[PDB]
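Shown next as structure tokens: one chain only, the form deposited in one PDB entry.
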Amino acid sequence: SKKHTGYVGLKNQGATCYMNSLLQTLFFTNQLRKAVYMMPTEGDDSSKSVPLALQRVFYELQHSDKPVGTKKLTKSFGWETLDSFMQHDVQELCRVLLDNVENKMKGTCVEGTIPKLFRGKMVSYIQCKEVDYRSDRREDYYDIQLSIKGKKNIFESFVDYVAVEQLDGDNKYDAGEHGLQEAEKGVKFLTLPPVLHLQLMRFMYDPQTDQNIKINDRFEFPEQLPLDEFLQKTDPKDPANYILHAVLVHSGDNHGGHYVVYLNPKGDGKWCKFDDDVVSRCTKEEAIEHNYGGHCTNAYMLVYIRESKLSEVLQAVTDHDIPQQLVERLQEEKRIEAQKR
């Protein structure tokens, strides 16, 4: 119920798996939401436009007492087949949603919000040992995929991500002028974004079965996340302490299973659980430790917000933050759909 928590649920309208969990995550990323509302969806086709459809879900989630439907959204980005959600990752859906958004906001006041919130920068060095030659290339990322297989916690995942790899023997490095050389290869972070989407590599390939198997191994993540030790140059004025916002959770061993999201919407630490139409209050511990694993129920994705940007990221939202031309068009659609049923 809405009156229980302040928040409404999402309708269950097919095997959308992680979609409802993510939508709620994206919705409670308040700064994104404000920016979605401002998109010039004036001319757009009521069915073929993804940005409108996202504006609709968010509107409804903010205003409706009753659970909110996603069918126009799934039609809008074209994931209407049985195996659509089943064969993709959660981050690939997030990219489909955020790219559509980010492109609509080009030539707009709200330009660049998506990258402002989610784009970090990393380096991918390759260093030869014997003769000197180096390759430093910056890459951008909107999300990170942490390995968990035999890592106790997030600390050990970040250690693994940046750990120096080696290149010798058969699979050596082509240093161009210098021939196929012996060399080290790694990654380091230059910046970590305001909103840190982390995915846990739980659905790993098994060469015996010719299928991905879910790994239910125990994997710990904290409430508070000091990531300063994983940057190339720190900032004393803006250190990289991150707060846990959302724990996207799965139960069972496959796409059928059971997808829930636990969120801390305001960043206070008064958490709620979102199981489609049911939104219940819950403990810090039903959200954090109980999804460590060790049991088929465990976290696959985590959202951390940086303490320095928490208030900005979680800036309050009012009914006055949706433009009235859009508010009108949405209520107009609610009324047209009322005349058919």
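For every residue, the number given is its place in the sequence shown, counted from 1. We call the rigid core whatever largest set of C-alpha positions still superposes within 1.5 Å between the two forms.
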| query | Thinking of the other compared PDB entries, is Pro207 one of those residues unmodelled in at least a third of them? | reply | yes
| request: Output yes if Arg281 is unmodelled in at least a third of the other compared entries of this protein, no if it is modelled in all of them. | output: no
| note | As the entry stands, the deposited residues without coordinates between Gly43 and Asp44 add up to none
| task | With reference to the PDB entry, specify whether the mean Cα temperature factor is higher for 101 to 109 or for 168 to 176. | result | 168 to 176
| Comparing 124 to 132 with 73 to 81, which stretch shows the greater average C-alpha B-factor in the deposited entry? | 124 to 132
| note | Comparing C-alpha B-factors across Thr29, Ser47, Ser308, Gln55 in this entry, the winner is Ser47
| query | From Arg95, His245, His255, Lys116, which pick has the Cα B-factor that tops the rest in the entry? | reply | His255
| said: Lowest, middle or highest third: which one holds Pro194 when the chain's residues are ordered by CA B-factor from the entry? | reply: lowest
| Taking the C-alpha B-factors as the PDB entry records them, is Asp65 in the lowest, middle or highest third of its chain? | highest
| task | Grab the CA temperature factor for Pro207 from the record and place it in the lowest, middle or highest third of its chain. | result | highest
| said: Per the entry's values, where does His295 land by CA temperature factor relative to the rest of its chain, in the lowest, middle or highest third? | reply: highest
| note | Chain thirds by Cα B factor, record data; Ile144 belongs to the lowest
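The same protein also has a form deposited in another entry, omitted here; what follows describes it.
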| field | Flagged residue of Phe230, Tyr133, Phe155, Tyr141 - C-alpha shift reaching 2 Å or more between the shown form and the other one, core superposed | value | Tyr133
| Rigid core fitted, then: does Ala175 show a CA shift of 2 angstroms or greater between the shown form and the other one? | yes
| query | On a core-based superposition, does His255 travel 2 Å or more at its Cα between the shown form and the other one? | reply | yes
| query | Is there a C-alpha shift of 2 Å or more at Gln315 between the shown form and the other one once the rigid core is superposed? | reply | no
| task | Work out whether the Cα atoms of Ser64 and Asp45 come closer together or move farther apart in the other form than they are in this form, the change being 3 angstroms or more. | result | closer
| in the other form, whether the C-alpha atoms of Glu60 and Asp45 sit closer or farther than here (change of 3 Å or more) | closer
